[PDB]
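Okay, upload-v1.cif now, which holds mmCIF, N, CA and C atoms:
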data_entry
loop_
_atom_site.group_PDB
_atom_site.id
_atom_site.type_symbol
_atom_site.label_atom_id
_atom_site.label_comp_id
_atom_site.auth_asym_id
_atom_site.auth_seq_id
_atom_site.Cartn_x
_atom_site.Cartn_y
_atom_site.Cartn_z
ATOM 1 N N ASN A 1 0.860 -1.218 0.000
ATOM 2 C CA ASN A 1 0.000 0.000 0.000
ATOM 3 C C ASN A 1 0.882 1.250 0.000
ATOM 4 N N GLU A 2 1.972 1.217 0.719
ATOM 5 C CA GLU A 2 2.875 2.401 0.766
ATOM 6 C C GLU A 2 3.193 2.865 -0.658
ATOM 7 N N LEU A 3 3.906 2.074 -1.410
ATOM 8 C CA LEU A 3 4.239 2.483 -2.801
ATOM 9 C C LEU A 3 2.977 2.378 -3.665
ATOM 10 N N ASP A 4 2.900 3.143 -4.722
ATOM 11 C CA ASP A 4 1.689 3.102 -5.604
ATOM 12 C C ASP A 4 1.952 2.211 -6.821
ATOM 13 N N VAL A 5 2.170 0.934 -6.607
ATOM 14 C CA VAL A 5 2.427 -0.006 -7.744
ATOM 15 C C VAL A 5 1.390 -1.146 -7.682
ATOM 16 N N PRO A 6 1.001 -1.702 -8.810
ATOM 17 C CA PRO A 6 0.004 -2.815 -8.843
ATOM 18 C C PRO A 6 0.601 -4.124 -8.304
ATOM 19 N N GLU A 7 1.373 -4.048 -7.254
ATOM 20 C CA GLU A 7 1.970 -5.288 -6.688
ATOM 21 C C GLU A 7 0.842 -6.202 -6.211
ATOM 22 N N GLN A 8 -0.208 -5.631 -5.691
ATOM 23 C CA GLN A 8 -1.343 -6.457 -5.218
ATOM 24 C C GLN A 8 -2.013 -7.114 -6.424
ATOM 25 N N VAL A 9 -2.488 -6.323 -7.347
ATOM 26 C CA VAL A 9 -3.149 -6.889 -8.555
ATOM 27 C C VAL A 9 -2.296 -8.030 -9.115
ATOM 28 N N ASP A 10 -1.032 -8.046 -8.798
ATOM 29 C CA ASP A 10 -0.154 -9.136 -9.308
ATOM 30 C C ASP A 10 -0.583 -10.462 -8.675
ATOM 31 N N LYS A 11 -0.413 -10.588 -7.377
ATOM 32 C CA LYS A 11 -0.782 -11.860 -6.664
ATOM 33 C C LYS A 11 -2.020 -12.497 -7.315
ATOM 34 N N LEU A 12 -2.927 -11.706 -7.824
ATOM 35 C CA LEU A 12 -4.127 -12.291 -8.477
ATOM 36 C C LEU A 12 -3.674 -13.095 -9.699
ATOM 37 N N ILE A 13 -2.931 -12.489 -10.585
ATOM 38 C CA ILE A 13 -2.453 -13.242 -11.776
ATOM 39 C C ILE A 13 -1.752 -14.509 -11.284
ATOM 40 N N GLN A 14 -0.852 -14.363 -10.351
ATOM 41 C CA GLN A 14 -0.141 -15.547 -9.807
ATOM 42 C C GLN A 14 -1.171 -16.519 -9.229
ATOM 43 N N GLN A 15 -2.021 -16.040 -8.360
ATOM 44 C CA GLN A 15 -3.056 -16.928 -7.757
ATOM 45 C C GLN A 15 -3.898 -17.554 -8.873
ATOM 46 N N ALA A 16 -4.532 -16.749 -9.677
ATOM 47 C CA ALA A 16 -5.362 -17.309 -10.780
ATOM 48 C C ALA A 16 -4.483 -18.167 -11.694
ATOM 49 N N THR A 17 -3.260 -17.766 -11.906
ATOM 50 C CA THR A 17 -2.358 -18.573 -12.776
ATOM 51 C C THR A 17 -2.083 -19.907 -12.084
ATOM 52 N N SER A 18 -1.592 -19.857 -10.876
ATOM 53 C CA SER A 18 -1.292 -21.111 -10.129
ATOM 54 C C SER A 18 -2.439 -22.117 -10.310
ATOM 55 N N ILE A 19 -3.561 -21.876 -9.692
ATOM 56 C CA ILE A 19 -4.721 -22.808 -9.796
ATOM 57 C C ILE A 19 -4.884 -23.375 -11.220
ATOM 58 N N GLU A 20 -4.846 -22.557 -12.236
ATOM 59 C CA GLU A 20 -5.039 -23.098 -13.619
ATOM 60 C C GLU A 20 -4.183 -24.356 -13.836
ATOM 61 N N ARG A 21 -2.896 -24.269 -13.633
ATOM 62 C CA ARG A 21 -2.021 -25.455 -13.859
ATOM 63 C C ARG A 21 -1.978 -26.350 -12.612
ATOM 64 N N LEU A 22 -2.300 -25.818 -11.466
ATOM 65 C CA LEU A 22 -2.256 -26.639 -10.215
ATOM 66 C C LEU A 22 -3.567 -27.422 -10.037
ATOM 67 N N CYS A 23 -4.666 -26.870 -10.457
ATOM 68 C CA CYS A 23 -5.974 -27.568 -10.282
ATOM 69 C C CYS A 23 -6.361 -28.349 -11.543
ATOM 70 N N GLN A 24 -5.739 -28.086 -12.660
ATOM 71 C CA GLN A 24 -6.105 -28.828 -13.898
ATOM 72 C C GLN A 24 -5.478 -30.226 -13.861
ATOM 73 N N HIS A 25 -4.504 -30.427 -13.017
ATOM 74 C CA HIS A 25 -3.849 -31.764 -12.942
ATOM 75 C C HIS A 25 -4.705 -32.723 -12.114
ATOM 76 N N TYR A 26 -5.248 -32.254 -11.025
ATOM 77 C CA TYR A 26 -6.064 -33.132 -10.142
ATOM 78 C C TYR A 26 -7.560 -32.945 -10.399
ATOM 79 N N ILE A 27 -8.325 -33.121 -9.362
ATOM 80 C CA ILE A 27 -9.805 -32.970 -9.460
ATOM 81 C C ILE A 27 -10.167 -31.510 -9.184
ATOM 82 N N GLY A 28 -11.209 -31.015 -9.813
ATOM 83 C CA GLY A 28 -11.627 -29.587 -9.625
ATOM 84 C C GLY A 28 -11.365 -29.125 -8.187
ATOM 85 N N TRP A 29 -11.442 -30.020 -7.242
ATOM 86 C CA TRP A 29 -11.180 -29.637 -5.827
ATOM 87 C C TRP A 29 -9.673 -29.697 -5.567
ATOM 88 N N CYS A 30 -9.071 -28.583 -5.232
ATOM 89 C CA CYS A 30 -7.597 -28.563 -4.965
ATOM 90 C C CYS A 30 -7.330 -27.675 -3.734
ATOM 91 N N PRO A 31 -6.313 -27.981 -2.953
ATOM 92 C CA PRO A 31 -5.977 -27.185 -1.731
ATOM 93 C C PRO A 31 -5.419 -25.800 -2.086
ATOM 94 N N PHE A 32 -5.522 -25.412 -3.329
ATOM 95 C CA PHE A 32 -4.997 -24.078 -3.752
ATOM 96 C C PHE A 32 -6.148 -23.071 -3.814
ATOM 97 N N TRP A 33 -7.362 -23.531 -3.675
ATOM 98 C CA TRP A 33 -8.526 -22.602 -3.722
ATOM 99 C C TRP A 33 -8.682 -21.919 -2.359
#

Representation of the structure as C-alpha cells:
Amino acid sequence: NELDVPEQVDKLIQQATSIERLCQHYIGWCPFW
C-alpha cells in the first residue's frame, strides 16, 4: 500500500495462474482454492 504499484493486482495473476495449472492436474477440488 505504501508504494503506488500494482503489486497487489499481481498476486491475483499468480493466484489465478497457479490454480489453472495446479488444479487442472487433479480434481476440480484442490488445496490451492

Can you tell me how far atom C of residue 30 in chain A sits from CA of residue 16 in chain A, in Å to one decimal?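 Going from atom C of residue 30 in chain A over to CA of residue 16 in chain A, I get 12.7 Å.
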
Atom pair CA of residue 12 in chain A / CA of residue 31 in chain A: separation (Å):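 Computing it gives 16.5 Å between the two atoms.
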
Run DSSP on the backbone and tell me which residues of chain A come out as helix (DSSP H, G or I); list them as a ChimeraX atom specification. /A:7-23

Go ahead and write the residues just picked, N, CA and C atoms, as an mmCIF file, keeping the file's coordinate frame.
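That gives us again_6.cif:
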data_model
loop_
_atom_site.group_PDB
_atom_site.id
_atom_site.type_symbol
_atom_site.label_atom_id
_atom_site.label_comp_id
_atom_site.auth_asym_id
_atom_site.auth_seq_id
_atom_site.Cartn_x
_atom_site.Cartn_y
_atom_site.Cartn_z
ATOM 1 N N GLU A 7 1.373 -4.048 -7.254
ATOM 2 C CA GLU A 7 1.970 -5.288 -6.688
ATOM 3 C C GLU A 7 0.842 -6.202 -6.211
ATOM 4 N N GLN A 8 -0.208 -5.631 -5.691
ATOM 5 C CA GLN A 8 -1.343 -6.457 -5.218
ATOM 6 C C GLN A 8 -2.013 -7.114 -6.424
ATOM 7 N N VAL A 9 -2.488 -6.323 -7.347
ATOM 8 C CA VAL A 9 -3.149 -6.889 -8.555
ATOM 9 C C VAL A 9 -2.296 -8.030 -9.115
ATOM 10 N N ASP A 10 -1.032 -8.046 -8.798
ATOM 11 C CA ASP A 10 -0.154 -9.136 -9.308
ATOM 12 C C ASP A 10 -0.583 -10.462 -8.675
ATOM 13 N N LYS A 11 -0.413 -10.588 -7.377
ATOM 14 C CA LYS A 11 -0.782 -11.860 -6.664
ATOM 15 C C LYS A 11 -2.020 -12.497 -7.315
ATOM 16 N N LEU A 12 -2.927 -11.706 -7.824
ATOM 17 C CA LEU A 12 -4.127 -12.291 -8.477
ATOM 18 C C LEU A 12 -3.674 -13.095 -9.699
ATOM 19 N N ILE A 13 -2.931 -12.489 -10.585
ATOM 20 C CA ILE A 13 -2.453 -13.242 -11.776
ATOM 21 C C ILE A 13 -1.752 -14.509 -11.284
ATOM 22 N N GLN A 14 -0.852 -14.363 -10.351
ATOM 23 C CA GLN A 14 -0.141 -15.547 -9.807
ATOM 24 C C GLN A 14 -1.171 -16.519 -9.229
ATOM 25 N N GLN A 15 -2.021 -16.040 -8.360
ATOM 26 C CA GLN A 15 -3.056 -16.928 -7.757
ATOM 27 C C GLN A 15 -3.898 -17.554 -8.873
ATOM 28 N N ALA A 16 -4.532 -16.749 -9.677
ATOM 29 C CA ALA A 16 -5.362 -17.309 -10.780
ATOM 30 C C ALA A 16 -4.483 -18.167 -11.694
ATOM 31 N N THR A 17 -3.260 -17.766 -11.906
ATOM 32 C CA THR A 17 -2.358 -18.573 -12.776
ATOM 33 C C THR A 17 -2.083 -19.907 -12.084
ATOM 34 N N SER A 18 -1.592 -19.857 -10.876
ATOM 35 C CA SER A 18 -1.292 -21.111 -10.129
ATOM 36 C C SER A 18 -2.439 -22.117 -10.310
ATOM 37 N N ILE A 19 -3.561 -21.876 -9.692
ATOM 38 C CA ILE A 19 -4.721 -22.808 -9.796
ATOM 39 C C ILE A 19 -4.884 -23.375 -11.220
ATOM 40 N N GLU A 20 -4.846 -22.557 -12.236
ATOM 41 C CA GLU A 20 -5.039 -23.098 -13.619
ATOM 42 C C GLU A 20 -4.183 -24.356 -13.836
ATOM 43 N N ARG A 21 -2.896 -24.269 -13.633
ATOM 44 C CA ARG A 21 -2.021 -25.455 -13.859
ATOM 45 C C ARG A 21 -1.978 -26.350 -12.612
ATOM 46 N N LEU A 22 -2.300 -25.818 -11.466
ATOM 47 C CA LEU A 22 -2.256 -26.639 -10.215
ATOM 48 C C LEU A 22 -3.567 -27.422 -10.037
ATOM 49 N N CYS A 23 -4.666 -26.870 -10.457
ATOM 50 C CA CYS A 23 -5.974 -27.568 -10.282
ATOM 51 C C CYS A 23 -6.361 -28.349 -11.543
#

Using atom N of residue 22 in chain A and CA of residue 10 in chain A as the two end points, give the distance in Å to one decimal. 17.0 Å

Kindly provide, as AutoDock Vina command-line options, the centre and edge lengths (Å, one decimal) of an axis-aligned box around all atoms of range 14-17 of chain A given in the file, with 6 Å on each side.
--center_x -2.8 --center_y -17.1 --center_z -10.3 --size_x 17.2 --size_y 17.5 --size_z 17.0

Closest of A:14, A:1, A:19, A:8 to residue 32 in chain A - atom-to-atom distances counting all atoms listed in the file: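 Checking each of A:14, A:1, A:19, A:8 against residue 32 in chain A, counting all atoms listed in the file, the winner is A:19.
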